[PDB]
Structures are given as C-alpha cells and as structure tokens.
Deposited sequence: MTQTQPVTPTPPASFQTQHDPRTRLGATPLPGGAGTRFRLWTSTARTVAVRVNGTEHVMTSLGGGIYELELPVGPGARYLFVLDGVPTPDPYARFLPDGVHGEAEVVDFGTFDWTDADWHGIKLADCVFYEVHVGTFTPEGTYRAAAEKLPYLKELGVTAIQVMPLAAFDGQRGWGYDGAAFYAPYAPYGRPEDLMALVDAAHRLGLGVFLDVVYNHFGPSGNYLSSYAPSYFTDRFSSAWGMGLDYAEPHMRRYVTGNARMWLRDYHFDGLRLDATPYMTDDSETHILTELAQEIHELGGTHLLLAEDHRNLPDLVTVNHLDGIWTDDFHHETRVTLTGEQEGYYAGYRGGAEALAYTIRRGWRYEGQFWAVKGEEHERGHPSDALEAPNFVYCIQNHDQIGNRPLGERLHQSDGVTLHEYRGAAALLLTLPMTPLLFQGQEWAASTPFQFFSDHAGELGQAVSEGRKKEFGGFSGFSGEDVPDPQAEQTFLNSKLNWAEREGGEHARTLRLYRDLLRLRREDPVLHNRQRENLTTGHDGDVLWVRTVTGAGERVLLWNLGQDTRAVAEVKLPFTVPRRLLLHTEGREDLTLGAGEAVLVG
C-alpha cells in the first residue's frame, strides 16, 4: 500500500530508453526561461511539460557526455550518474543494465549478524581504488568481519577527501573507479559472503559542485542550516525525492546491502511524514532485505521504533571507553567519567544519557531518552571509527594516544567483540596500525585556503590540503606481518571466530546480559540456554587474580580466551579474559 514516488519513466537526469531508442533527459527548474541539453557538444532545446519539468529524448547511448544549459549557462546535472571530469564537468550517460552480476545467491545480511569494517577507499590501499580494495576481500573474509562499511562515494571536488564534501550524490567519485568498478567490488564481496554498506550524506551538500540551486532555489531553505551547509528543504517534494531516489539507486543499481545515514539530527523536517520514515518506506519498497542505520547522537529510540530504521551508531560506549583508558576531558569527552563502573552502566543501559543533563560547556541540555525499547543489535558500538580518529588534531589511533598500552587496546577489542551489540571496526584497527587517519581535503582556490585556515584555528596540526596528510593516512599492509601488529591481528582473528562460533555469545538479547564491577575490574556476563560466559577486564595498573574478583554469582571455571594468551586466570594491567 505505500507506493513509491519514483517511476523510471519520469526519472530526472539521463536514463537509457528501451529498445535501443537512446536516452531520455529530464530536469526540473523553477526559474529558467530557456532550457537545453548539450550532448557531445551539440545543444538541443528541451520540451517544457509543465511544473517546471523539461524533457528530451535523443538516440544517444551510454557513454555520451552531457550537461544542461539554463538561460545560456552550461550547468552540470545534479542527477549525474558519473562525472568523469569531476563535479564541474560533463556527466556521462550510464546504463545500469549492462553489468553482469553474479550475486543471485546472496540475500543480504541481518544487523544481528553484522561486524562492520569501515573502509575509506582512497586510503585503504596504495592505489586508493575499488579494484585494489576488492583484492583485500579474501583477507577481510578470513579476518572474520561480515560487512564492509564504505565511507561516502558521492562525487566531490579535488583528488582526495573523506567523502563528506559530496556534492553530486548519484555519481560515484571518479578517482576511485568507474561505476562498473564499484559494481565489481560489491559483486566480489557478495561472492565471498560479505555485505556492503554505504555512508550517505542527506543533511548537507559539499561546498563545491552542488548546482541544484541553479535549477531551483527551493531545493533549499533559509529556515535552518547545518554546521556544513544551507538547509535541505524536506518540505519540497523534489528535495525529498532527490535523496530517496539516491538511496534506491545505491541499493538497487549498485547492490549495496544497506546505508549509513550521516548526521541524522541535522535532517530537519517538520513534515507530517518525516523524511527518515519516507526513506525507510522507499527502500523497503524495493522488496529486498536492505538495512538503514542512523548516525545520531541524540539517544532517540524513535529512529528505530517510529522511523523504522534498523539501528543507530550510539557513541556513548565509545566515549566512555576512551575516557576510561585516557582520562581525557576535552570537548564531548567531558560528558563521561570513565572507569569500570561507568562502562558497566553504559553497557547495561545501551547508552548513558537517557534524559539527564549534559553539562558540556556550550552544549548544555537534557540529553537523550530511555533506551528500553531497543534490543542489542540496534546499538552500533565501536572503539574506533573515522571520526573518533580523524577528529583528533593529529588523527591518532587509540593505541597511539598518551597513556594507552597495547594490552589495554587488546582488552578493549575483547570487550567490543564479545558484546551482543553490533560492532564496528575501522580499517587497520585489527593490526594496531601505525598510521593515523587525519582529515584531508583538496579544494581549489580560496575554499582550499579556508579549509587549511579553519583547521589551524579550530585547534603541529597537519594541513588537510597537503598531499602528505592524505599519504600519511594510507594503510601500510606490510606491517601486519610482524611483531605486535601480527599479535594484535591474531587476537582479532580469535575474537571474531569466537563471536561466530561460541553458542552463548550468539546471544542478541539485553535480557541475557548483565554487567558490574569490582574496583577497576569490569565484568560482563551472558547467560542463555546454551550456558554462561563472563568477560573480565582489568582496567587498573596492577595485577588482579580472577579468583579474588568479587562477583554476585559464581565465576565460570574454564578459560576460553585471554587477551595476552596467559594460561592462568590472572589479569595483568589492562588485560581481559573470557571464561565459561
């Protein structure tokens, strides 16, 4: 009974016609008086249909280059499916029917079965391409992760970037590869049984390459704005459809298994049906098993229970863990005490802030809502992600912060990867990578200069516009072969296999999970019909024997995994053990 708003017949942009008849070009403009399409250098006047809709059909095929001409001004297509020359250039006509998919026996992945592995295509490999990423898939499969989480792919200006400056949401960023290269990466992942998720940005457009207002200023509103751009007007149906058509393209046409929606608190909409709800309806209409996740700091269960999203990146856990290990207190970290009792509480509640006052200076308000409705998989936990690394002045990883030992780092992994919540890892985390993940960009002219100036002011700090900042963020695949990188990787492999194989850790019910502390020792207990597991993590700087930890139940006897491989039930400083 929900009916999609989308029909291929009326799709905006350039869409191949059936029967080899060519391509249908369509646009919406509220303000242009003359409207043409320029195809391979030749200008053709478009037909006015009313409602500001203009259309033309021509016998050109996939590969043809085009843009629109509005009152004589050549303007890129916001609906471009590929931009080989970047965001200020001609689009290419793409035919999604030509790729030979081999993934008919893949049927998606459930959230409760996800262990996400966050990839930035530009830094993940030396080449920085989909094709090179695809060659690392067997390594990821064997590692034991189950879903790749790809940072945004929408085209942005410059030769590198995180992806949050995406401006042409439908056009995969050309330096990473052509559309068929992205398709090949997803097909390969599926043939190995890995899911693939995409980070999409529906709260703002980047600062170069967004020509929507040239067509219709009413895509946007001055009613509100984000930190990152003018407000997207979700009261305007064409704006709603820009994002819901984009979501449907990634899932249907690229075979992604789900989307991660960036910064959902800033998708402001006062409409009767919120855009988040309509996104869920539109993706569900595809008749698959695709998932939607929200990156949302509000601790708002309604994203799941009302908007019908599948889960939420819920960072109170991350923050609590980092403050436990470092004691830091700048910015949002001032919201957390850290320590074993604090971490026991945040896990017990899923998130910490359920309506209590958030006292962080400049941000004060009553934050969050009761978490009771949410089940364990609905919470996506991490100890590292692109932001929690890259937002730091030097982009350092958790094991690289002052005062953090590799033992502590390995204990944190054990906690994350034995919890029933849905875990996410950042690329290279699993080998305790030596490289930072720094903020980098490559904007032109004055915008580029302002990025460099802005970064300098907000916090020596690496210049985001320098090539070296990008290169310094590249993964070094050699280093995992040896030393402590290899030892950390063996632990991650061991944790990921237990997560997959242990019949008690299969639990995904908060009803079966309890937590507590004794001094600086955290305990996390799971009890199901299959048995009992307890993770104990010594967050002190002394040694603690498991036998002397005071617990309100009888500790299990059998050692399943010790993060430092010890034979006896004793925890050196920062170490963890799983018993059963």
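- Counting from residue 1 of the deposited sequence, the stretches lacking C-alpha coordinates in this chain are 1-13, 473-481.
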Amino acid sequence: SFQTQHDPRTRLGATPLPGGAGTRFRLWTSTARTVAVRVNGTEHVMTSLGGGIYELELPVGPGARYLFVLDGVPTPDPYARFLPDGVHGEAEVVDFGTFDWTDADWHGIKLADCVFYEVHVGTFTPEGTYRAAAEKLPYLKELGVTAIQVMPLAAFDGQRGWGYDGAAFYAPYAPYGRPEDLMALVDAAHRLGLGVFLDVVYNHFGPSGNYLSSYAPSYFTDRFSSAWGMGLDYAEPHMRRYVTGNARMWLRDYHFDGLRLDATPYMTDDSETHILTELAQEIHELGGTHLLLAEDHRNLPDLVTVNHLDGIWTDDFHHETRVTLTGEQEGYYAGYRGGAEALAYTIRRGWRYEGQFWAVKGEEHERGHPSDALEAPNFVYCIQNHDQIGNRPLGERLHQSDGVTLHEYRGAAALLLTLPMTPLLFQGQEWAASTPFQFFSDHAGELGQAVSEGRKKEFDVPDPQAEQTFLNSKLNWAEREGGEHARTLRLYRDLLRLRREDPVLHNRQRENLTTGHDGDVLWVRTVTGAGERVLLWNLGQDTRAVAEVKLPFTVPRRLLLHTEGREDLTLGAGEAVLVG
From here on, numbers count along this sequence of modelled residues.
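Between two forms, the rigid core is the largest collection of C-alphas that superpose within 1.5 Å.
- When the other structures are laid on the shown form by the rigid core, the stretch among 467-475 and 448-456 with the greater C-alpha deviation in 8 other deposited structures of this protein turns out to be 448-456.
- Once the rigid core is used to overlay the structures in 8 other deposited structures of this protein, the stretch among 220-228 and 168-176 whose CA atoms lie farther from this form is 220-228.
- Higher mean CA B-factor, judged across 104-112 and 218-226 from the recorded values: 218-226.
- For the pair 315-323 and 479-487, the mean B factor over Cα atoms is greater in 479-487.
- Across 367, 290, 456, 204, the entry's maximum B-factor at the CA atom is seen for 456.
- Of the candidates 538, 512, 34, 30, the one whose C-alpha carries the top B factor in the deposited record is 34.
- Per the deposited record, the Cα B-factor of residue 572 falls in the highest third when ranked against the other modelled residues of its chain.
- Remark: residue 426 belongs to the lowest third of its chain, ranked by C-alpha B-factor as recorded.
- Ranked by Cα temperature factor within the chain, residue 136 sits in the middle third according to the deposited record.
- In this PDB entry, the Cα temperature factor of residue 553 sits in the top third of its chain's modelled residues, the highest group.
- Residue 158: CA B factor lies in the highest third for its chain, per the PDB record.
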